[PDB]
Amino acid sequence: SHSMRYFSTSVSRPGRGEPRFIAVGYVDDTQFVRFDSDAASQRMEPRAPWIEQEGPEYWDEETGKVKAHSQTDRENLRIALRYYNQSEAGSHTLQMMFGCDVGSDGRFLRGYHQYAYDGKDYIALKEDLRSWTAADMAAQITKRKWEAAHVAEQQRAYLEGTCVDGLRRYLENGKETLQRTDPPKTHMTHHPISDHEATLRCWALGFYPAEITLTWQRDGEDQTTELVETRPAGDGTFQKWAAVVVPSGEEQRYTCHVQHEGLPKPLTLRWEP
Amino acid sequence: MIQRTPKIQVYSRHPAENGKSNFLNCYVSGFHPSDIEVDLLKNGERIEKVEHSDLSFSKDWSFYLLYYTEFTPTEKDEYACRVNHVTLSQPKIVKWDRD
Amino acid sequence: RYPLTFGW
Amino acid sequence: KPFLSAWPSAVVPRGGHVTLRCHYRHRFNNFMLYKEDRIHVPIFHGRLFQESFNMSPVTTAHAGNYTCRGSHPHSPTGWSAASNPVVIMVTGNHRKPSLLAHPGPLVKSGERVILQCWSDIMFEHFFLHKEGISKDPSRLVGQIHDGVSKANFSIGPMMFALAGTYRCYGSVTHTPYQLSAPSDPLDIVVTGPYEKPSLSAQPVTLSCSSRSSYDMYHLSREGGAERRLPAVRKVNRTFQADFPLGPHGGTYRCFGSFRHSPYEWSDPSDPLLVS
Ligand SMILES: *[C@@H]1O[C@H](CO)[C@@H](O)[C@H](O)[C@H]1NC(C)=O
Ligand SMILES: *[C@@H]1O[C@H](CO)[C@@H](O)[C@H](O)[C@H]1NC(C)=O
């Protein structure tokens with residue numbers, strides 16, 4: 001299974017700068033393009049080596065559609081001010097997410113097209129790709145507008161067609177990177193926190209993709225256990241750890257379980273001085 | 001307007017070994033709005049050459065950024081990350097724990 | 001590929 | 001570098017008010033102001049503005065190309081780099097030009113329209129301004145011809161972000177910062193991409209109908225003018241407006257529109273001949 005996603009952010013910041021639009025494109029957990037309206041390029045830029053072979057027609061076409069989005073979503077900040085009767089003086093955020101998922105065979109599974117205004121769900125294309133979820137009263141107006149423009153039919157055709165066909169092309173062009181699986185490299189650390197208790201920490205490092213399960217068990221039963229959010233190492237791989245506090249002398253009772261696309265069999269880790 | 005304070009993690013790209021070049025990371029996530037100010041500190045002083053990822057967000061609309069710089073860890077120097085945000089009255093400082 | 005986008 | 005911004009607008013009438021703000025290092029800090037290339041020479045004898053600089057009675061002497069420097073105490077120089085330039089343009093110094101849309105103010109989505117600014121006054125340059133926009137006015141040279149001065153602003157391809165109220169201004173060869181009084185406003189309306197209504201004779205009135213929830217319908221004849229009616233729901237989940245036929249013309253077209261989007265109309269209905 002694989003996924004493609006575009007994340008765009010438009011912010012107004014009256015008195016602190018001109019409204020700014022930033023869009024980023026991902027294939028799974030790998031960023032590959034970006035556009036920043038605050039740059040002198042004003043072009044869509046490559047951000048991963050495997051997309052840089054695409055020809056000038058690709059970069060011309062993509063820059064055109066994303067600059068258009070830049071202008072559209074910057075105007076959407078002024079419209080939202082009217083819909084919600086908000087001051088020209090306030091700072092506001094408008095976010096969009098778009099993309100599709102494909103299976104192993106290379107076929108469509110799900111599509112997405114969603115907005116938020118100031119951090120809260122605004123309008124979203126529903127799961128069936130035919131109707132819209134409006135979160136409040138302002139978004140009901142946009143819904144009524146987009147029904148009148150038949151937006152759901154166009155995005156549905158794009159998400160099931162061009163989006164999926166593009167993901168399929170990207171996955172082959174960057175196969176060795178995008179279809180790689182780097183298994184987790186694991187280690188455990190023991191730190192005493194008191195006379196009667198110690199902290200056991202299971203470490204997962206160097207893993208791609210970033211989907212992972214780190215679980216702790218005593219004698220076999222699940223022990224829900226501190227769990228940090230998976231974080232980027234900065235080289236394309238990811239890190240995570242899970243920690244539990246254990247009674248002194250019972251460390252052998254606890255085991256850490258690792259599940260990852262890169263491990264043919266689930267790992268079982270056990271402390272050992 | 002929804003305001004969410006950032007989670008901060010400070011860590012190295014690779015396992016720390018004194019004297020060996022590495023990367024110091026400050027990963028900030030879960031925050032809203034997007035305006036955030038992030039610095040990497042060496043013995044309390046901001047490190048000048050610091051790069052950062054393009055602004056992106058999660059399914060829940062929360063933003064995340066990775067800040068990083070090239071560094072060589074030592075036994076003497078103490079690294080940290082300083083984050084400011086509309087949710088924080090003063091900057092929050094998270095120390096790198098090599099332990 | 002980048003999508004076509006519409007006004008609010 | 002700081003961010004300099006004029007509020008409410010860098011285009012300001014004589015007697016209006018504009019405030020220059022200098023955002024440096026996360027606050028509107030103490031800053032000095034600089035004009036033209038004199039960026040190492042602060043204006044008004046080095047005054048340290050404390051919050052903002054409000055020029056409440058705007059005069060033509062206020063016009064110019066400004067930069068600010070925010071105070072930076074733990075710096076070798078104590079001050080920031082030069083900010084972005086902001087050009088304050090003062091209006092009301094000549095008599096207003098005229099502004100006209102070619103071929104007309106209804107512009108189909110994806111097409112272009114020409115906003116021609118003109119005057120019997122021999123203006124050297126023209127400035128086109130979309131109301132409410134922070135961006136600098138578009139500037140064009142005034143083409144002199146048969147005793148009229150004129151300039152053609154091209155707007156397009158038409159989308160909702162370009163619809164709205166436009167005004168244009170003139171300036172003389174020796175007073176570019178000094179602008180004319182603004183021309184009468186021109187409303188540019190984009191049609192589509194919302195689906196066209198149906199226009200028909202009542203099986204007498206002319207009916208505009210759509211499944212789409214347009215809240216207002218607009219009727220237009222080929223000659224020109226504009227009649228508006230609120231949409232009413234009835235007869236099978238259709239939003240429709242019935243326009244009284246009247247008790248001698250033909251070829252009418254209808255558009256739908258929504259509230260809080262005054263300058264965005266649907267594609268026109270097919271033309272209907274009324275005998
Ligand atoms: C600036 O001062 C003038 C005159 O007192 C006033 O009309 C205007 O509202 C002020 N504007 C700002 C932004 O302070
Ligand atoms: C502007 O467009 C009109 C209409 O095509 C044309 O006649 C005119 O020469 C153009 N230029 C100026 C300066 O008006």
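Read-outs: derived from the displayed coordinates by stated rules, not from any lab. Ideal geometry is used to build each Cβ from the backbone, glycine not excepted, and the neighbour counts take in all protein chains shown.
Net charge in the neighbourhood of D:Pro137 (other residues with Cβ under 14 Å of its Cβ; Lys, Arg +1, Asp, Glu -1) is +2. The residues D:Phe160, D:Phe44, A:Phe108, when put in order of fewest to most other Cβ atoms within 10 Å, stand as D:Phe44, A:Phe108, D:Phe160.
Label positions at B:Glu75 and D:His26, each projected 7 Å from the Cα along the C-beta direction, are separated by 3.6 nm. Each other residue within a Cβ distance under 13 Å of A:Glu251 adds +1 if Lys or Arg and -1 if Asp or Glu, for a net charge of 0. The dipole here belongs to the protein assembly as shown: it is taken about the Cα centre, uses +1 on the Cβ of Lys and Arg and -1 on the Cβ of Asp and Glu, and is about 2000 debye.
The Cα center of the stretch D:1-22 and the Cα center of the stretch D:118-173 differ in position by 21 Å. Put in order of Cβ neighbour count within 10 Å, fewest first, the listed residues D:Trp7, A:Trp146 become D:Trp7, A:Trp146.
Please state the shape class of the stretch A:201-273: rounded when a/c is under 1.5, otherwise prolate if a/b exceeds b/c and oblate if not, all from the C-alpha gyration tensor. Present the calculation step by step, with values, prior to reporting the outcome.
Numbers: a/c = 2.28, a/b = 1.80, b/c = 1.27.
Prolate.
In chain A, helical runs assigned H by DSSP with n ≥ 4 each contribute -39500 (n - 2.57); averaged across all residues and rounded to the nearest 500, the mean residue ellipticity at 222 nm is -7000 deg cm²/dmol. The distance separating the Cα centre of the stretch B:46-88 from that of the stretch A:97-143 comes to 31 Å. Among the GluC sites (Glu not before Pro) found in the stretch A:117-216, those both in a DSSP coil and sparsely packed, with 12 or fewer other Cβ atoms within 10 Å of their Cβ, are A:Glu127.
How high is the relative contact order of chain B, in percent, with contacts defined as C-alpha pairs under 8 Å that are six or more residues apart? Before the final figure, lay out each step's value.
Details: 218 pairs, mean separation 32.7, N = 99.
For chain B, the relative contact order is 33 percent.
Under 1.5 on a/c is rounded, so check that first for the stretch D:3-91, then, if it is not, pick prolate when a/b is larger than b/c and oblate when it is not; a ≥ b ≥ c are the square roots of the alpha carbon gyration tensor eigenvalues. Prolate shape, in that a/c is at least 1.5 and a/b is the bigger ratio. In the protein assembly as shown, the alpha-carbon atoms span a convex hull of 213 Å³ per residue.
If you filter the stretch D:45-106 for trypsin sites (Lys or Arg not before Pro), then keep DSSP loop positions with at most 15 other Cβ within 10 Å, what is left?
On the way: sites: D:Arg47, D:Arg69, D:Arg95; in loops: D:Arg47, D:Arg95.
When the trypsin sites (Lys or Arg not before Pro) of the stretch D:45-106 are filtered for loop state and at most 15 Cβ neighbours within 10 Å, D:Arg47, D:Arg95 remain.
With a cut-off of 12 Å between beta carbons, the residues surrounding A:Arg5 carry a summed charge of -1, where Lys and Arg count +1 and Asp and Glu -1. Once you reduce the stretch A:49-72 and the stretch A:187-202 to the center of their Cα atoms, the two points are 51 Å from each other. What you get for chain D, charging only the Cβ of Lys and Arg (+1) and of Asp and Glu (-1), is a dipole of about 760 debye around the Cα centre.
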